[PDB]
file my_file34.cif (mmCIF, N, CA, C and O atoms)
data_structure
#
loop_
_atom_site.label_atom_id
_atom_site.label_comp_id
_atom_site.auth_asym_id
_atom_site.auth_seq_id
_atom_site.Cartn_x
_atom_site.Cartn_y
_atom_site.Cartn_z
N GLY C 1 -1.59 -12.20 -16.36
CA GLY C 1 -0.62 -11.05 -16.24
C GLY C 1 -1.26 -9.67 -16.12
O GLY C 1 -0.56 -8.68 -15.90
N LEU C 2 -2.57 -9.59 -16.27
CA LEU C 2 -3.28 -8.31 -16.08
C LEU C 2 -3.54 -8.03 -14.61
O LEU C 2 -3.82 -8.95 -13.83
N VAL C 3 -3.43 -6.76 -14.23
CA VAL C 3 -3.70 -6.30 -12.87
C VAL C 3 -5.21 -6.09 -12.68
O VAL C 3 -5.79 -5.23 -13.33
N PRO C 4 -5.85 -6.91 -11.82
CA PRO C 4 -7.30 -6.76 -11.65
C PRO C 4 -7.71 -5.42 -11.02
O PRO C 4 -7.14 -5.00 -10.01
N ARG C 5 -8.69 -4.77 -11.66
CA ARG C 5 -9.22 -3.47 -11.23
C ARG C 5 -10.73 -3.53 -11.33
O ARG C 5 -11.28 -4.29 -12.15
N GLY C 6 -11.41 -2.73 -10.50
CA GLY C 6 -12.88 -2.68 -10.51
C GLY C 6 -13.48 -3.80 -9.67
O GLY C 6 -14.70 -3.95 -9.59
N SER C 7 -12.60 -4.58 -9.04
CA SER C 7 -12.98 -5.60 -8.05
C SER C 7 -11.93 -5.65 -6.95
O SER C 7 -10.80 -5.18 -7.14
N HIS C 8 -12.31 -6.21 -5.79
CA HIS C 8 -11.35 -6.40 -4.72
C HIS C 8 -10.23 -7.33 -5.17
O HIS C 8 -10.48 -8.47 -5.55
N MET C 9 -8.99 -6.82 -5.19
CA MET C 9 -7.86 -7.65 -5.60
C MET C 9 -7.56 -8.75 -4.57
O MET C 9 -7.55 -8.53 -3.36
N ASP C 10 -7.32 -9.94 -5.09
CA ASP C 10 -6.79 -11.05 -4.36
C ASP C 10 -5.32 -10.76 -4.02
O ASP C 10 -4.53 -10.49 -4.90
N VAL C 11 -4.98 -10.83 -2.74
CA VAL C 11 -3.63 -10.59 -2.25
C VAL C 11 -2.63 -11.61 -2.81
O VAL C 11 -1.50 -11.25 -3.13
N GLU C 12 -3.06 -12.85 -3.00
CA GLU C 12 -2.22 -13.87 -3.63
C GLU C 12 -1.84 -13.48 -5.06
O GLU C 12 -0.72 -13.66 -5.46
N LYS C 13 -2.78 -12.89 -5.79
CA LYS C 13 -2.57 -12.38 -7.14
C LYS C 13 -1.67 -11.13 -7.18
O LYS C 13 -0.82 -10.98 -8.05
N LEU C 14 -1.91 -10.21 -6.26
CA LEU C 14 -1.00 -9.10 -6.02
C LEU C 14 0.44 -9.56 -5.83
O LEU C 14 1.34 -9.03 -6.46
N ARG C 15 0.65 -10.51 -4.92
CA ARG C 15 1.98 -11.02 -4.58
C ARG C 15 2.64 -11.67 -5.79
O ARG C 15 3.83 -11.48 -6.03
N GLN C 16 1.88 -12.47 -6.55
CA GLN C 16 2.40 -13.05 -7.78
C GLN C 16 2.79 -11.99 -8.84
O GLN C 16 3.84 -12.10 -9.45
N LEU C 17 1.96 -10.97 -9.03
CA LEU C 17 2.23 -9.92 -10.03
C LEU C 17 3.47 -9.15 -9.62
O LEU C 17 4.36 -8.94 -10.45
N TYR C 18 3.53 -8.74 -8.34
CA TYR C 18 4.72 -8.08 -7.78
C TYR C 18 6.00 -8.91 -7.98
O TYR C 18 7.02 -8.37 -8.40
N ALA C 19 5.92 -10.21 -7.73
CA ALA C 19 7.05 -11.12 -7.89
C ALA C 19 7.44 -11.27 -9.36
O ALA C 19 8.60 -11.55 -9.64
N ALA C 20 6.47 -11.09 -10.27
CA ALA C 20 6.72 -11.17 -11.71
C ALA C 20 7.36 -9.90 -12.26
O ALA C 20 7.81 -9.87 -13.41
N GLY C 21 7.39 -8.85 -11.45
CA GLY C 21 8.06 -7.60 -11.86
C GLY C 21 7.09 -6.43 -12.02
O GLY C 21 7.50 -5.29 -12.22
N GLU C 22 5.79 -6.72 -11.94
CA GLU C 22 4.77 -5.68 -12.10
C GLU C 22 4.82 -4.63 -10.96
O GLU C 22 4.88 -4.98 -9.77
N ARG C 23 4.83 -3.36 -11.33
CA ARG C 23 4.89 -2.28 -10.33
C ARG C 23 3.68 -1.38 -10.37
O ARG C 23 3.45 -0.66 -9.42
N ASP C 24 2.90 -1.42 -11.45
CA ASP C 24 1.74 -0.53 -11.59
C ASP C 24 0.46 -1.12 -11.00
O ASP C 24 -0.28 -1.84 -11.65
N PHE C 25 0.17 -0.75 -9.76
CA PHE C 25 -1.06 -1.12 -9.10
C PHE C 25 -1.88 0.11 -8.81
O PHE C 25 -2.53 0.18 -7.80
N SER C 26 -1.82 1.09 -9.72
CA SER C 26 -2.67 2.26 -9.69
C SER C 26 -4.12 1.84 -9.59
O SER C 26 -4.54 0.87 -10.24
N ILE C 27 -4.88 2.61 -8.79
CA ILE C 27 -6.34 2.51 -8.64
C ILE C 27 -6.90 1.11 -8.27
O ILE C 27 -8.07 0.82 -8.50
N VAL C 28 -6.06 0.25 -7.70
CA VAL C 28 -6.54 -1.07 -7.27
C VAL C 28 -7.39 -0.97 -5.99
O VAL C 28 -7.30 0.03 -5.23
N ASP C 29 -8.24 -1.98 -5.78
CA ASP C 29 -9.07 -2.06 -4.61
C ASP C 29 -8.49 -3.14 -3.68
O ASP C 29 -8.64 -4.33 -3.95
N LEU C 30 -7.82 -2.68 -2.62
CA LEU C 30 -7.19 -3.51 -1.56
C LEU C 30 -7.77 -3.16 -0.18
O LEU C 30 -7.08 -3.30 0.85
N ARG C 31 -9.04 -2.73 -0.18
CA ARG C 31 -9.75 -2.38 1.04
C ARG C 31 -9.88 -3.58 1.96
O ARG C 31 -10.32 -4.64 1.51
N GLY C 32 -9.49 -3.43 3.23
CA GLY C 32 -9.60 -4.52 4.19
C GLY C 32 -8.67 -5.70 3.91
O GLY C 32 -8.79 -6.74 4.54
N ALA C 33 -7.75 -5.54 2.97
CA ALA C 33 -6.88 -6.66 2.54
C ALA C 33 -5.90 -7.08 3.65
O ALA C 33 -5.47 -6.25 4.44
N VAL C 34 -5.57 -8.37 3.71
CA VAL C 34 -4.56 -8.87 4.65
C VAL C 34 -3.19 -8.78 3.94
O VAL C 34 -2.79 -9.63 3.14
N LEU C 35 -2.53 -7.66 4.15
CA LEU C 35 -1.24 -7.40 3.52
C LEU C 35 -0.08 -7.44 4.53
O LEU C 35 0.98 -6.94 4.26
N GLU C 36 -0.33 -8.01 5.70
CA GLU C 36 0.66 -8.07 6.77
C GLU C 36 2.01 -8.64 6.26
O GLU C 36 2.04 -9.64 5.57
N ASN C 37 3.12 -7.98 6.59
CA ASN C 37 4.46 -8.45 6.20
C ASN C 37 4.80 -8.32 4.71
O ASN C 37 5.93 -8.64 4.34
N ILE C 38 3.87 -7.88 3.88
CA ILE C 38 4.14 -7.87 2.46
C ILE C 38 5.25 -6.88 2.05
O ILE C 38 5.40 -5.80 2.65
N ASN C 39 6.03 -7.26 1.05
CA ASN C 39 6.96 -6.33 0.41
C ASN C 39 6.29 -5.75 -0.86
O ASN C 39 6.12 -6.45 -1.86
N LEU C 40 5.90 -4.48 -0.78
CA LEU C 40 5.39 -3.71 -1.93
C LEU C 40 6.30 -2.51 -2.19
O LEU C 40 5.86 -1.48 -2.71
N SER C 41 7.56 -2.64 -1.83
CA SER C 41 8.47 -1.54 -2.04
C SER C 41 8.55 -1.17 -3.56
O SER C 41 8.60 -2.04 -4.44
N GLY C 42 8.48 0.13 -3.84
CA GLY C 42 8.54 0.62 -5.20
C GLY C 42 7.23 0.50 -5.97
O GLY C 42 7.17 0.89 -7.13
N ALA C 43 6.19 -0.05 -5.33
CA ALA C 43 4.91 -0.24 -6.02
C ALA C 43 4.26 1.09 -6.32
O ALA C 43 4.17 1.94 -5.44
N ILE C 44 3.76 1.26 -7.53
CA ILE C 44 2.86 2.38 -7.80
C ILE C 44 1.45 2.03 -7.33
O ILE C 44 0.81 1.14 -7.88
N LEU C 45 0.99 2.75 -6.30
CA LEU C 45 -0.35 2.61 -5.72
C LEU C 45 -1.14 3.93 -5.75
O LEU C 45 -1.93 4.23 -4.85
N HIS C 46 -0.88 4.72 -6.80
CA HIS C 46 -1.54 6.00 -7.01
C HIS C 46 -3.07 5.83 -7.11
O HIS C 46 -3.56 5.04 -7.91
N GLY C 47 -3.82 6.55 -6.28
CA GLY C 47 -5.28 6.50 -6.28
C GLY C 47 -5.84 5.14 -5.86
O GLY C 47 -7.02 4.88 -6.05
N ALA C 48 -5.01 4.28 -5.28
CA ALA C 48 -5.48 2.96 -4.85
C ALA C 48 -6.28 3.07 -3.56
O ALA C 48 -6.13 4.03 -2.82
N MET C 49 -7.15 2.09 -3.30
CA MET C 49 -7.96 2.08 -2.09
C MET C 49 -7.40 0.99 -1.18
O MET C 49 -7.39 -0.19 -1.56
N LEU C 50 -6.88 1.41 -0.03
CA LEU C 50 -6.29 0.51 0.98
C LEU C 50 -6.98 0.75 2.31
O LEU C 50 -6.44 0.42 3.35
N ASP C 51 -8.18 1.35 2.28
CA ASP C 51 -8.88 1.67 3.54
C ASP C 51 -8.97 0.42 4.40
O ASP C 51 -9.28 -0.65 3.89
N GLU C 52 -8.67 0.54 5.70
CA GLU C 52 -8.85 -0.59 6.66
C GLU C 52 -7.97 -1.83 6.38
O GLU C 52 -8.17 -2.89 6.98
N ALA C 53 -6.98 -1.72 5.50
CA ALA C 53 -6.10 -2.87 5.19
C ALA C 53 -5.20 -3.20 6.38
O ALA C 53 -4.86 -2.32 7.15
N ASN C 54 -4.86 -4.47 6.54
CA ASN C 54 -3.82 -4.90 7.48
C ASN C 54 -2.46 -4.77 6.76
O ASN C 54 -2.07 -5.64 5.97
N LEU C 55 -1.75 -3.68 7.04
CA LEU C 55 -0.41 -3.45 6.51
C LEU C 55 0.67 -3.55 7.60
O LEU C 55 1.69 -2.89 7.53
N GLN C 56 0.44 -4.39 8.62
CA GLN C 56 1.36 -4.48 9.74
C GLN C 56 2.70 -5.03 9.22
O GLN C 56 2.73 -6.07 8.56
N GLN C 57 3.78 -4.31 9.53
CA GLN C 57 5.13 -4.66 9.10
C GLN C 57 5.36 -4.70 7.59
O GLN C 57 6.37 -5.24 7.12
N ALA C 58 4.43 -4.11 6.83
CA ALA C 58 4.56 -4.05 5.38
C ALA C 58 5.78 -3.23 5.01
O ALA C 58 6.10 -2.25 5.69
N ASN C 59 6.45 -3.62 3.94
CA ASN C 59 7.46 -2.76 3.33
C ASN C 59 6.80 -1.97 2.19
O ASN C 59 6.51 -2.53 1.14
N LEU C 60 6.58 -0.67 2.43
CA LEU C 60 6.08 0.25 1.42
C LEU C 60 7.12 1.31 1.11
O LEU C 60 6.78 2.44 0.70
N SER C 61 8.38 0.98 1.35
CA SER C 61 9.42 1.94 1.10
C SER C 61 9.46 2.32 -0.39
O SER C 61 9.41 1.45 -1.28
N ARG C 62 9.48 3.62 -0.65
CA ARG C 62 9.49 4.21 -2.00
C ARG C 62 8.25 3.92 -2.81
O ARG C 62 8.26 4.08 -4.02
N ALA C 63 7.18 3.49 -2.15
CA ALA C 63 5.91 3.27 -2.85
C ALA C 63 5.27 4.60 -3.20
O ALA C 63 5.26 5.51 -2.38
N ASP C 64 4.73 4.72 -4.41
CA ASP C 64 3.92 5.89 -4.79
C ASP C 64 2.48 5.67 -4.28
O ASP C 64 1.68 4.97 -4.90
N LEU C 65 2.17 6.23 -3.13
CA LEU C 65 0.83 6.19 -2.57
C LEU C 65 0.09 7.52 -2.79
O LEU C 65 -0.86 7.84 -2.06
N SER C 66 0.49 8.30 -3.80
CA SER C 66 -0.15 9.60 -4.01
C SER C 66 -1.63 9.43 -4.35
O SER C 66 -2.00 8.61 -5.21
N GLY C 67 -2.48 10.18 -3.65
CA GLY C 67 -3.92 10.10 -3.83
C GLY C 67 -4.55 8.79 -3.38
O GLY C 67 -5.72 8.53 -3.67
N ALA C 68 -3.81 7.97 -2.65
CA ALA C 68 -4.38 6.69 -2.20
C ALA C 68 -5.19 6.91 -0.93
O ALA C 68 -4.94 7.89 -0.19
N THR C 69 -6.19 6.06 -0.68
CA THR C 69 -6.92 6.18 0.59
C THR C 69 -6.51 5.04 1.50
O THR C 69 -6.44 3.90 1.07
N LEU C 70 -6.20 5.39 2.74
CA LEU C 70 -5.70 4.46 3.73
C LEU C 70 -6.46 4.65 5.04
O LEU C 70 -5.92 4.34 6.10
N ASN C 71 -7.71 5.13 4.96
CA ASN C 71 -8.55 5.35 6.16
C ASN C 71 -8.60 4.14 7.04
O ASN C 71 -9.00 3.06 6.59
N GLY C 72 -8.21 4.32 8.31
CA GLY C 72 -8.25 3.24 9.29
C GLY C 72 -7.32 2.07 8.98
O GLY C 72 -7.47 1.01 9.60
N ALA C 73 -6.37 2.21 8.06
CA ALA C 73 -5.44 1.09 7.77
C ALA C 73 -4.50 0.84 8.96
O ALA C 73 -4.18 1.75 9.72
N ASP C 74 -4.12 -0.42 9.15
CA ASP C 74 -3.25 -0.80 10.25
C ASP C 74 -1.82 -0.85 9.70
O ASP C 74 -1.45 -1.83 9.06
N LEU C 75 -1.05 0.21 9.94
CA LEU C 75 0.31 0.38 9.40
C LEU C 75 1.35 0.29 10.52
O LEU C 75 2.43 0.88 10.45
N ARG C 76 1.01 -0.49 11.55
CA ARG C 76 1.92 -0.68 12.66
C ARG C 76 3.20 -1.34 12.16
O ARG C 76 3.16 -2.41 11.53
N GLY C 77 4.34 -0.71 12.45
CA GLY C 77 5.64 -1.28 12.07
C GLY C 77 5.92 -1.23 10.56
O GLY C 77 6.90 -1.81 10.10
N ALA C 78 5.07 -0.55 9.80
CA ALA C 78 5.22 -0.45 8.32
C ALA C 78 6.32 0.54 7.93
O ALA C 78 6.52 1.58 8.58
N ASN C 79 7.04 0.20 6.87
CA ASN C 79 8.16 1.01 6.45
C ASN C 79 7.62 1.90 5.34
O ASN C 79 7.33 1.42 4.27
N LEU C 80 7.44 3.20 5.63
CA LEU C 80 6.95 4.17 4.65
C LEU C 80 8.07 5.13 4.21
O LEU C 80 7.81 6.22 3.70
N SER C 81 9.33 4.73 4.40
CA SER C 81 10.41 5.64 4.11
C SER C 81 10.52 5.96 2.62
O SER C 81 10.37 5.08 1.74
N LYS C 82 10.70 7.25 2.35
CA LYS C 82 10.73 7.77 0.99
C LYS C 82 9.46 7.48 0.16
O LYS C 82 9.46 7.69 -1.05
N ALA C 83 8.39 7.00 0.78
CA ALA C 83 7.12 6.82 0.07
C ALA C 83 6.47 8.18 -0.23
O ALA C 83 6.63 9.15 0.53
N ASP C 84 5.72 8.25 -1.33
CA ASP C 84 5.01 9.46 -1.72
C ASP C 84 3.61 9.40 -1.13
O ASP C 84 2.78 8.61 -1.55
N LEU C 85 3.34 10.28 -0.17
CA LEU C 85 2.02 10.38 0.43
C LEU C 85 1.30 11.64 -0.02
O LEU C 85 0.31 12.07 0.60
N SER C 86 1.77 12.24 -1.11
CA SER C 86 1.09 13.43 -1.64
C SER C 86 -0.38 13.10 -1.87
O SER C 86 -0.69 12.09 -2.50
N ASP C 87 -1.28 13.92 -1.34
CA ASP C 87 -2.74 13.75 -1.55
C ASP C 87 -3.36 12.49 -0.91
O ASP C 87 -4.56 12.22 -1.11
N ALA C 88 -2.58 11.73 -0.14
CA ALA C 88 -3.09 10.49 0.50
C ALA C 88 -3.96 10.83 1.70
O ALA C 88 -3.77 11.86 2.36
N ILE C 89 -4.91 9.94 1.99
CA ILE C 89 -5.81 10.11 3.12
C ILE C 89 -5.40 9.08 4.15
O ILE C 89 -5.62 7.88 3.97
N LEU C 90 -4.74 9.58 5.20
CA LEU C 90 -4.18 8.75 6.26
C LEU C 90 -5.07 8.88 7.49
O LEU C 90 -4.72 8.36 8.57
N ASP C 91 -6.21 9.56 7.32
CA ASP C 91 -7.20 9.71 8.38
C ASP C 91 -7.33 8.41 9.18
O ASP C 91 -7.73 7.40 8.65
N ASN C 92 -6.92 8.46 10.46
CA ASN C 92 -7.19 7.38 11.43
C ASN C 92 -6.44 6.07 11.23
O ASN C 92 -6.80 5.03 11.81
N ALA C 93 -5.40 6.11 10.40
CA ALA C 93 -4.51 4.96 10.24
C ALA C 93 -3.59 4.90 11.48
O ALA C 93 -3.22 5.93 12.04
N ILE C 94 -3.26 3.68 11.89
CA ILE C 94 -2.41 3.48 13.05
C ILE C 94 -0.97 3.44 12.56
O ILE C 94 -0.63 2.59 11.77
N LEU C 95 -0.14 4.37 13.01
CA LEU C 95 1.24 4.47 12.55
C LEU C 95 2.30 4.13 13.62
O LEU C 95 3.48 4.40 13.42
N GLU C 96 1.88 3.54 14.74
CA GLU C 96 2.80 3.21 15.81
C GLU C 96 3.84 2.22 15.31
O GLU C 96 3.49 1.15 14.76
N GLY C 97 5.10 2.60 15.49
CA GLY C 97 6.22 1.82 14.97
C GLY C 97 6.49 1.96 13.48
O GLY C 97 7.40 1.32 12.97
N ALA C 98 5.70 2.77 12.77
CA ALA C 98 5.87 2.94 11.31
C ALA C 98 7.04 3.90 11.05
O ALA C 98 7.24 4.81 11.82
N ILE C 99 7.81 3.68 9.98
CA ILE C 99 8.95 4.56 9.65
C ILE C 99 8.50 5.60 8.62
O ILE C 99 8.21 5.25 7.48
N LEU C 100 8.39 6.87 9.02
CA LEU C 100 7.88 7.90 8.11
C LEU C 100 9.02 8.71 7.48
O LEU C 100 8.77 9.66 6.72
N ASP C 101 10.27 8.37 7.83
CA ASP C 101 11.42 9.17 7.40
C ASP C 101 11.41 9.38 5.88
O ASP C 101 11.24 8.43 5.11
N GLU C 102 11.58 10.64 5.48
CA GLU C 102 11.63 11.04 4.07
C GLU C 102 10.38 10.75 3.23
O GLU C 102 10.44 10.89 1.99
N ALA C 103 9.28 10.36 3.88
CA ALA C 103 8.01 10.26 3.15
C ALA C 103 7.57 11.64 2.65
O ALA C 103 7.77 12.67 3.32
N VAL C 104 7.02 11.69 1.44
CA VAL C 104 6.62 12.97 0.86
C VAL C 104 5.18 13.31 1.28
O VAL C 104 4.24 12.54 1.06
N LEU C 105 5.05 14.48 1.90
CA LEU C 105 3.77 15.06 2.28
C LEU C 105 3.52 16.38 1.51
O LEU C 105 4.46 17.05 1.08
N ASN C 106 2.25 16.75 1.35
CA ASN C 106 1.89 18.17 1.12
C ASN C 106 1.55 18.80 2.45
O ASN C 106 0.96 18.13 3.30
#

call {"tool": "encode", "arguments": {"input": "my_file34.cif", "output": "structure tokens"}}
result
Amino acid sequence: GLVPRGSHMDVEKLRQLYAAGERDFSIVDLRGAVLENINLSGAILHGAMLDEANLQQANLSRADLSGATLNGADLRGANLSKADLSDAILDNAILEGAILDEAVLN
């Protein structure tokens, strides 16, 4: 039931924790992760590392991604509506087809 930190998180473990009701995935390492199609809506991902992740068609609606790094992440068709992108690094992420409506920016 603990959220693994300080190592690359297993996506299967992420999915199980999320399904168990866990929402706090602050500071997790999901770099290069295959997260295609995943529902992480409402997930706290503050300061998390998602650089280069496959987030194609991911549901990240209302996710707290404040201070998260998403360099080069593949967010094609991803739902970022009402997500918090305060302080996030979206440098070079692909957003074609992504829903940015009401996402929070600075």

call {"tool": "resolve_selection", "arguments": {"input": "my_file34.cif", "expression": "the PyMOL selection byres (((chain C and resi 69-78 and name CA) around 6) and name CA)", "output": "PyMOL selection string"}}
result
chain C and resi 49-59+68+79+88-98

call {"tool": "write_last_selection", "arguments": {"input": "my_file34.cif", "atoms": "N, CA, C and O atoms", "output": "mmCIF file, in the coordinates of the input"}}
result
data_model
loop_
_atom_site.group_PDB
_atom_site.id
_atom_site.type_symbol
_atom_site.label_atom_id
_atom_site.label_comp_id
_atom_site.auth_asym_id
_atom_site.auth_seq_id
_atom_site.Cartn_x
_atom_site.Cartn_y
_atom_site.Cartn_z
ATOM 1 N N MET C 49 -7.150 2.090 -3.300
ATOM 2 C CA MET C 49 -7.960 2.080 -2.090
ATOM 3 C C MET C 49 -7.400 0.990 -1.180
ATOM 4 O O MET C 49 -7.390 -0.190 -1.560
ATOM 5 N N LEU C 50 -6.880 1.410 -0.030
ATOM 6 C CA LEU C 50 -6.290 0.510 0.980
ATOM 7 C C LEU C 50 -6.980 0.750 2.310
ATOM 8 O O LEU C 50 -6.440 0.420 3.350
ATOM 9 N N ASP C 51 -8.180 1.350 2.280
ATOM 10 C CA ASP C 51 -8.880 1.670 3.540
ATOM 11 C C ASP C 51 -8.970 0.420 4.400
ATOM 12 O O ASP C 51 -9.280 -0.650 3.890
ATOM 13 N N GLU C 52 -8.670 0.540 5.700
ATOM 14 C CA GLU C 52 -8.850 -0.590 6.660
ATOM 15 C C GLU C 52 -7.970 -1.830 6.380
ATOM 16 O O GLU C 52 -8.170 -2.890 6.980
ATOM 17 N N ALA C 53 -6.980 -1.720 5.500
ATOM 18 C CA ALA C 53 -6.100 -2.870 5.190
ATOM 19 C C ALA C 53 -5.200 -3.200 6.380
ATOM 20 O O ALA C 53 -4.860 -2.320 7.150
ATOM 21 N N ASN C 54 -4.860 -4.470 6.540
ATOM 22 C CA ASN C 54 -3.820 -4.900 7.480
ATOM 23 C C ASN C 54 -2.460 -4.770 6.760
ATOM 24 O O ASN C 54 -2.070 -5.640 5.970
ATOM 25 N N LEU C 55 -1.750 -3.680 7.040
ATOM 26 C CA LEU C 55 -0.410 -3.450 6.510
ATOM 27 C C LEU C 55 0.670 -3.550 7.600
ATOM 28 O O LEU C 55 1.690 -2.890 7.530
ATOM 29 N N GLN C 56 0.440 -4.390 8.620
ATOM 30 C CA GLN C 56 1.360 -4.480 9.740
ATOM 31 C C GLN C 56 2.700 -5.030 9.220
ATOM 32 O O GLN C 56 2.730 -6.070 8.560
ATOM 33 N N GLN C 57 3.780 -4.310 9.530
ATOM 34 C CA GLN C 57 5.130 -4.660 9.100
ATOM 35 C C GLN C 57 5.360 -4.700 7.590
ATOM 36 O O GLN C 57 6.370 -5.240 7.120
ATOM 37 N N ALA C 58 4.430 -4.110 6.830
ATOM 38 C CA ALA C 58 4.560 -4.050 5.380
ATOM 39 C C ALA C 58 5.780 -3.230 5.010
ATOM 40 O O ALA C 58 6.100 -2.250 5.690
ATOM 41 N N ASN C 59 6.450 -3.620 3.940
ATOM 42 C CA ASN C 59 7.460 -2.760 3.330
ATOM 43 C C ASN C 59 6.800 -1.970 2.190
ATOM 44 O O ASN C 59 6.510 -2.530 1.140
ATOM 45 N N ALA C 68 -3.810 7.970 -2.650
ATOM 46 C CA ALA C 68 -4.380 6.690 -2.200
ATOM 47 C C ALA C 68 -5.190 6.910 -0.930
ATOM 48 O O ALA C 68 -4.940 7.890 -0.190
ATOM 49 N N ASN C 79 7.040 0.200 6.870
ATOM 50 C CA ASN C 79 8.160 1.010 6.450
ATOM 51 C C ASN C 79 7.620 1.900 5.340
ATOM 52 O O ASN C 79 7.330 1.420 4.270
ATOM 53 N N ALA C 88 -2.580 11.730 -0.140
ATOM 54 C CA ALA C 88 -3.090 10.490 0.500
ATOM 55 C C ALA C 88 -3.960 10.830 1.700
ATOM 56 O O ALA C 88 -3.770 11.860 2.360
ATOM 57 N N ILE C 89 -4.910 9.940 1.990
ATOM 58 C CA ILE C 89 -5.810 10.110 3.120
ATOM 59 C C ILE C 89 -5.400 9.080 4.150
ATOM 60 O O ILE C 89 -5.620 7.880 3.970
ATOM 61 N N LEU C 90 -4.740 9.580 5.200
ATOM 62 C CA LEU C 90 -4.180 8.750 6.260
ATOM 63 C C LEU C 90 -5.070 8.880 7.490
ATOM 64 O O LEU C 90 -4.720 8.360 8.570
ATOM 65 N N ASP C 91 -6.210 9.560 7.320
ATOM 66 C CA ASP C 91 -7.200 9.710 8.380
ATOM 67 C C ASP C 91 -7.330 8.410 9.180
ATOM 68 O O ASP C 91 -7.730 7.400 8.650
ATOM 69 N N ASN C 92 -6.920 8.460 10.460
ATOM 70 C CA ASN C 92 -7.190 7.380 11.430
ATOM 71 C C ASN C 92 -6.440 6.070 11.230
ATOM 72 O O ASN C 92 -6.800 5.030 11.810
ATOM 73 N N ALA C 93 -5.400 6.110 10.400
ATOM 74 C CA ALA C 93 -4.510 4.960 10.240
ATOM 75 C C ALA C 93 -3.590 4.900 11.480
ATOM 76 O O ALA C 93 -3.220 5.930 12.040
ATOM 77 N N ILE C 94 -3.260 3.680 11.890
ATOM 78 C CA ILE C 94 -2.410 3.480 13.050
ATOM 79 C C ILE C 94 -0.970 3.440 12.560
ATOM 80 O O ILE C 94 -0.630 2.590 11.770
ATOM 81 N N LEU C 95 -0.140 4.370 13.010
ATOM 82 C CA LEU C 95 1.240 4.470 12.550
ATOM 83 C C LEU C 95 2.300 4.130 13.620
ATOM 84 O O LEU C 95 3.480 4.400 13.420
ATOM 85 N N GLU C 96 1.880 3.540 14.740
ATOM 86 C CA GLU C 96 2.800 3.210 15.810
ATOM 87 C C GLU C 96 3.840 2.220 15.310
ATOM 88 O O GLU C 96 3.490 1.150 14.760
ATOM 89 N N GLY C 97 5.100 2.600 15.490
ATOM 90 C CA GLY C 97 6.220 1.820 14.970
ATOM 91 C C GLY C 97 6.490 1.960 13.480
ATOM 92 O O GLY C 97 7.400 1.320 12.970
ATOM 93 N N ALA C 98 5.700 2.770 12.770
ATOM 94 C CA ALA C 98 5.870 2.940 11.310
ATOM 95 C C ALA C 98 7.040 3.900 11.050
ATOM 96 O O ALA C 98 7.240 4.810 11.820
#

call {"tool": "residues_around", "arguments": {"input": "my_file34.cif", "residues": "segment 15-27 of chain C", "least_positions_apart": "2", "cutoff": "6 Å", "atoms": "only N, CA, C and O atoms", "output": "VMD selection string"}}
result
chain C and resid 3 5 to 6 10 to 13 29 42 to 49

call {"tool": "resolve_selection", "arguments": {"input": "my_file34.cif", "expression": "the PyMOL selection byres ((chain C and resi 62) around 6)", "output": "MDAnalysis selection string"}}
result
chainID C and resid 40:43 60:61 63:64 79:84

call {"tool": "atom_distance", "arguments": {"input": "my_file34.cif", "atom1": "atom CA of residue 85 of chain C", "atom2": "atom C of residue 31 of chain C"}}
result
18.4 Å

call {"tool": "select_by_dssp", "arguments": {"input": "my_file34.cif", "residues": "segment 7-96 of chain C", "states": "strand (DSSP E or B)", "output": "PyMOL selection string"}}
result
chain C and resi 8+24+29+34+39+44+49+54+59+64+69+74+79+84+89+94

call {"tool": "atom_distance", "arguments": {"input": "my_file34.cif", "atom1": "atom CA of residue 39 of chain C", "atom2": "atom O of residue 9 of chain C"}}
result
15.2 Å
